[PDB]
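One structure below.
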Amino acid sequence: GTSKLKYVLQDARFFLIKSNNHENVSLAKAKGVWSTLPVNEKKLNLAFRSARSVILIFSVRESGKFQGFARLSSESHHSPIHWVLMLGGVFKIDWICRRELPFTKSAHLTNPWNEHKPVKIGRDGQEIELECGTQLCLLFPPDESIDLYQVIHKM
């Protein structure tokens, strides 16, 4: 069901994460971490202290899809992660959906914080407005392997 998901998304902040390869999103899915460049690190750190939930939505560049989304559980903090690359600290994340979603299913969603361009268009780190980000997350296929009870307890 979607109800606990809606609870987690309530008044959350959303950010578009662009990755240039699948290897890094596979590592993120496996180890519950992410790292980004400092301009985005400072944005995410400010947003983490600001909101009940800060959601990253992942897209690998040239794939035509989003690869899932996750929730910040930490601020960035400085075991070396062997990304396929000046980086910042490491955020710990909790995955809410590890399922893909093709851009063709999100064509009706525009992002007011990026000139109302379709939500798939955006620089790495681009913030997604509340309602667009919420509906984008609800578009993903339900990930039956994930239990949001643990995640709700961290709010």
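The first residue of the sequence shown is numbered 1, and numbering continues consecutively from there.
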So, do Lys4 and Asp147 sit near enough that their side-chain heavy atoms are less than 4.5 Å apart?
yes
Is any side-chain heavy atom of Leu101 closer than 4.5 Å to one of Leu136?
yes
Can you name the closest pair of heavy atoms from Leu138 and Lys6 and give their distance?
CD2-CG, 4.2 Å
May I ask you to decide if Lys18's main-chain N or O and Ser59's side chain share a donor-acceptor pair within less than 3.5 Å?
no
Heavy-atom pair with the smallest gap, counting every atom of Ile55 and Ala12:
CG1-CB, 4.1 Å
Are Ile57 and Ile17 side-chain neighbours, meaning at least one heavy-atom pair lies under 4.5 Å?
no
Is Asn21 reaching over with its side chain to a backbone N or O of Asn24, donor-acceptor style, under 3.5 angstrom?
yes
Distance in Å, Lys154 NZ paired with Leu148 CG, rounded so as to fall on 0.5 Å steps:
12.0 Å
Rounded to the nearest 0.5 angstrom, the OG-CD distance for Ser73 and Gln150 is 12.5 Å
Centroid-to-centroid, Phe66 to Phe103, below 6.0 Å?
yes
With a 4.0 Å cut-off on N to O distance, would you call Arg13 and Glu127 a salt bridge?
yes
Is the distance between the ring centroids of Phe58 and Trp34 under 6.0 Å?
yes
Got a donor-acceptor contact below 3.5 angstrom from the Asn20 side chain to the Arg61 backbone?
no
Using side-chain contact (heavy atoms from CB on, under 4.5 Å) as the criterion, point out the one residue from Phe91, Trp95, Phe15 that pairs with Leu56.
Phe15
On a heavy-atom basis, which atom in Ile121 and which in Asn114 lie closest, and how many Å separate them?
O-ND2, 3.3 Å
Quick check against the 3.5 Å criterion: does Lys117 have a side-chain atom that pairs as donor or acceptor with the backbone of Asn111?
no
To the nearest 0.5 Å, how far apart are SG in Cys137 and CD1 in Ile96?
7.0 Å
CZ on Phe69 to CD1 on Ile128, rounded to 0.5 Å
11.0 Å
Test your reading of the model: is there a side-chain donor-acceptor pair from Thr134 to the backbone of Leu130, 3.5 Å cut-off?
yes
Keeping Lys120 on the side-chain end and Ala107 on the backbone end, is there a donor-acceptor pair under 3.5 Å?
no
Under a 4.5 Å cut-off applied to non-hydrogen side-chain atoms, are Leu44 and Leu46 in contact?
no
Of all the heavy-atom pairs spanning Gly89 and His78, show the shortest one and how long it is.
N-CE1, 3.3 Å
Any luck finding a side-chain donor-acceptor pair between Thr36 and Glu41 under 3.5 Å?
no
Point-to-point distance, once rounded to the nearest 0.5 Å, from CD of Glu129 to CZ of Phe14:
9.0 Å
Does the side chain of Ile93 come within less than 4.5 Å of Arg71's, by heavy atoms?
no
Donor-acceptor contact present, side-chain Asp143 to main-chain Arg98, <3.5 Å:
yes
Indicate yes or no: at least one non-hydrogen side-chain atom of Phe140 is less than 4.5 angstrom from one of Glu100.
no
Among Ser76, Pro38, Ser35, the one residue meeting side-chain contact (heavy atoms from CB on, under 4.5 Å) with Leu87
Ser35
Validation row: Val119, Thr110 side chains within 4.5 angstrom (heavy atoms)
no
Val25 versus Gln67, closest heavy-atom pair with distance:
CG1-CB, 3.9 Å
For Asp124 and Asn40, which heavy atoms make the closest approach, and how far apart are they?
O-ND2, 2.9 Å
